[PDB]
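K.L.:
The structure is given below, and queries will be raised subsequently.
What follows draws every value from the coordinates through simple rules; no lab data is involved. Positions of Cβ are backbone-derived with ideal geometry, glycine not excepted, and every protein chain shown enters the neighbour counts.
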Ligand SMILES: [Zn+2]
Ligand SMILES: [Zn+2]
Ligand SMILES: [Zn+2]
C-alpha cells in the first residue's frame, strides 16, 4: 500500500526481510518456552539436556514444537525458479 | 520558471536518410550560424528541428510500468483480487504484481491490471 | 496442447513453453532433458475419472 | 586504399574524410 | 585520456578461431547490409524506444570505417594468420568460416547468409537488456538450462 | 556527520543527474526558456572573449536529492572544476532556489592564434568531439 | 550614509544591485531608495576582500538571486525597513538567505532526515532476558553458537553488552 516506513540504513526490500526475521525468531522462541515447563524432571529426555551433552533448548523445539528458519549462508532463501522457489506456490507469495 | 513543470522537450531517437540510410552527425555552418546534419559516406544535408541531441544517466522515471503488453492476464500463474472500480469500465478479477526486473523496483506497490476484453490500459494504486 | 493429448504429438520429447514477460515461445526437442508425468488438472478439478 | 589508411585511423581517430577524397 | 574517452561502450566479442577481439558491427558489413536501417532491424523489431538507442549509438561509429562488403571479408581473414600479401586468398577463408564454422546449426549453405543475419541480431539484443537494466542474469545451476 | 562529508569518496558522477549537448549560438540569449534569465542578468562577468568560443553547449544537471543526503553547496563545485582541467575552462551556475540545479561550461578562447594560424592539416581537436572527452573524464577522474 | 568610490568596476556592480530590489515594487511602500542601499551592500563585501578577484564576483551572484526570488516577499521587505541591517546582510552566518514561506520547513526536515540515519542501523538483537551480575541490569544478548562440534557439548554463549561481561549457559 506504499505506507510502510523502511529501516534507516537499508532499502525497502532489505527492510522486509529484516522485519520478518524478528517475527519468526520470536515465534520459535515463545513456543519453546512453553514446552520447557510442561516437561517434568522425571522425563528422561530433559536429563540428557540438563547433564550437558549434544542437546540444548533448540533441540527440543525442532522435534516437538517448531524447527525454525533454515537460512543459507546467513541470507534467506533466494529465488531460482521464475522469481519463486517451488511450482506448488503462486507467484509473488512471500509466505513463511 | 517555477518548480512545477516537467522536462520533456522531445528527444529524437534516430533519423534515416534517403540515399544511404545511415545516422546523420550534427555539424555547424559558420556561414549561416545554424545547425545542420550530415553523414560521412555521402553528402546529404538537411536543417535541424530541435537542440537536444544527447542524454546521459538514464533510469529516473517509472520504467517498470512501460515495456509490457496487456497479455499478462492470460497466464493462470498469477493471483486475482477483488478490485472492481476501473478507470474505463467496471470489471473485477484484476491482476496484481510487482515489477520483476533487474533492480526489482524499490517500490513494492502493486500494479492492478484488468483482464476484461476491450481495454488495453494500465494504472497503479 | 489439445493435439498433444490426443496421441498426435510425441509427449516423450516435444515440450511446449509459453512465456509472457519475454514474449518468447521456446520449443526444444533435443536429447538431454528430464521429463516426468503429472496429473492434468482442468477447472480446479482432477481430470482423471 | 583500405589496408594503408585503416591502421592509422584506429590509432588516433583524429582526421576528416575531406582530406582523403582530395588526395585521390 | 584524450582520444575517444568512450571505450566502455565497445563490445569487441571473441569470435571462434580469431586471435584478438574484433567488433561485431563489422560482421554486418560482410552479410550484405551496408545501411544502419537494416542493421538496427536485426537487433530489435521496434526502434521506437529512445532508451535502447543510447547503447547502440556509440557502436555505430565503428561501422563508418568499412563501407564496402568486400572490405569486411578481408578484415576478418587478416587477423587469423598472414598468407603473404595477397588479399584475394583472405576472402575465400572468410566465406567458409562465416557459413560452416560460425553458427553451423542455422545452416551451412551459401544462400543461408540472409537467414543467419537475423539470428545474430537477437543474440546481441538479449545481452544488451541484461547489461542496461531490463533483464536479470541467467543462472548456471539451473537444470532447465543444461542437458 | 559533518566529517563524513569530507571522508566519503563522493564521486562526481553521482552528483550529476543529467547531461545534454545543446546548440547555443548567442551565449547571452540562450534557447532554453526555463534557464534564460539566469545567463542574461549576469553582466559583471568579462564577456569580451566569449564571442569566438565553442558554440556547442554542454549543460549538466545536478540532483537535488543528493545534495540533502551528502550536505553540499554550489560554491564548492565551480571552484573545483576550474582547478582541475585548467584555467582554459569556463564555469557558471545558478542559485538553489529555482526549479533545478544546472551548470553550464564553456571554453576560454584567447582570440589570438586559435583559428588556423599555422594551418597544419592535422586538426587538433574538433568541437563536436571536444565536449565528449571532458564529459567522460570529469565523471570519473575528478573527485570532489 | 551612501558610500562613494572611484573604481570603474565597483561603480558598475553597485548599479546592478539596485535592479534586484526593483523587482516586486516593495521599496515604494517602505520608503527606502534602491540606490542608497545598493551601495552599502557592495561596500561591506569589498571591506573584507579589498581586491578584485574571481571570488569577489561569486559573493555578488549569491546576493542578487536571493533578492530576485518572488516566492519570498517577506525576506526582502525586512532589509528595506530596519529589521535586517544592510552590513549584516553580507556577513554570512545565515546559510543561504532564502527560507520562509515554505523553504524554511524544507530545511528543517533536511537535517532531521540525515540525523535518523544512524539510529536503527541494520539489525537490533537485544532479547532482554538474561540478567548481568555486574551492573544489576538486564542488557544481555544470546548467540546461537555450537551446533554439532565434536565431543564438546553445545552451549548458547551469553555475552553482555554493557560493562563487558560474558559467561556460559551451562
Ligand atoms: Zn548520410
Ligand atoms: Zn479493464
Ligand atoms: Zn552488564
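K.L.:
If you scan the range B:10-60, which residues turn out to be out of contact with any strand residue (DSSP E or B) (no Cβ under 9 Å at 6 or more places or on another chain) and more than 24 Å from residue E:36 (Cα to Cα)?
P.N.:
B:30, B:31, B:32, B:33, B:59
K.L.:
Run residue G:130 past the list (1) under 22 Å from residue A:30 (Cα atoms); (2) touching a strand residue (DSSP E or B) at 6+ places or on another chain (Cβ under 9 Å); (3) outside any strand (DSSP E or B); (4) facing chain A (nearest Cβ under 10 Å) and report the number of the one that doesn't hold.
P.N.:
(4)
K.L.:
Go through (1) farther than 30 Å from residue A:25 by Cα; (2) away from chain F (no Cβ under 14 Å); (3) over 23 Å from the mean Cα position of the chain (by Cα) one by one and return the number of the condition residue G:78 breaks.
P.N.:
Unmet condition: (3).
K.L.:
Still on this model: Among the residues of the range E:44-66, are any away from chain B (no Cβ under 11 Å), buried (at least 17 other Cβ atoms within 10 Å of the Cβ) and farther than 20 Å from residue B:39 by Cβ?
P.N.:
yes
K.L.:
Another question, then. For residue F:8, all conditions in the list (1) surrounded by 15 or more Cβ atoms within 10 Å (Cβ to Cβ); (2) in contact (Cβ under 8 Å) with a residue 40 or more places away in the chain; (3) more than 11 Å from chain B (Cβ to nearest Cβ); (4) touching a helix residue (DSSP H, G or I) at 6+ places or on another chain (Cβ under 9 Å) hold save one; what is the number of the exception?
P.N.:
All conditions are met except number (1).
K.L.:
Which one of G:23, G:5 is in contact with a helix residue (DSSP H, G or I) (Cβ under 7 Å, 6 or more places away or on another chain) and more than 18 Å from residue G:89 (Cα to Cα)?
P.N.:
G:5
K.L.:
Determine which member of the set G:150, G:70 is within 14 Å of chain F (Cβ to nearest Cβ), away from ligand 3 (no atom under 16 Å from the Cβ), exposed (fewer than 12 other Cβ atoms within 10 Å of the Cβ) and assigned to a loop (DSSP other than H, G, I, E, B).
P.N.:
G:70
K.L.:
Quick one: is residue G:138 more than 14 Å from chain A (Cβ to nearest Cβ), loosely packed, with under 15 Cβ neighbours inside 10 Å and more than 16 Å from ligand 3 (Cβ to nearest atom)?
P.N.:
Considered against the rule, which asks whether it is more than 14 Å from chain A (Cβ to nearest Cβ), loosely packed, with under 15 Cβ neighbours inside 10 Å and more than 16 Å from ligand 3 (Cβ to nearest atom), residue G:138 comes out as no.
K.L.:
Name the residue that is surrounded by the most Cβ atoms within 10 Å (Cβ to Cβ), counting only residues in the range F:84-118 that are within 12 Å of chain G (Cβ to nearest Cβ) and farther than 23 Å from residue F:52 by Cα.
P.N.:
Ranking the qualifying residues of the range F:84-118, first place goes to F:94.
K.L.:
Where in the range B:1-108 are there strands (runs of 3 or more DSSP E), lying fully within it, with 3 or more residues that are within 11 Å of chain E (Cβ to nearest Cβ) and surrounded by fewer than 12 Cβ atoms within 10 Å (Cβ to Cβ)?
P.N.:
Because the criterion is at least 3 residues that are within 11 Å of chain E (Cβ to nearest Cβ) and surrounded by fewer than 12 Cβ atoms within 10 Å (Cβ to Cβ), no strands (runs of 3 or more DSSP E) in the range B:1-108 meet it.
K.L.:
Could you tell me whether residue G:101 is more than 24 Å from residue A:12 (Cα to Cα) and either more than 9 Å from chain A (Cβ to nearest Cβ) or loosely packed, with under 13 Cβ neighbours inside 10 Å (or both)?
P.N.:
Criteria met by residue G:101.
K.L.:
Answer yes or no as to whether residue B:125 is within 24 Å of residue A:81 (Cβ to Cβ), away from ligand 3 (no atom under 16 Å from the Cβ) and either part of a loop (DSSP other than H, G, I, E, B) or within 14 Å of chain A (Cβ to nearest Cβ) (or both).
P.N.:
Spelling it out, it is not the case that residue B:125 is within 24 Å of residue A:81 (Cβ to Cβ), away from ligand 3 (no atom under 16 Å from the Cβ) and either part of a loop (DSSP other than H, G, I, E, B) or within 14 Å of chain A (Cβ to nearest Cβ) (or both).
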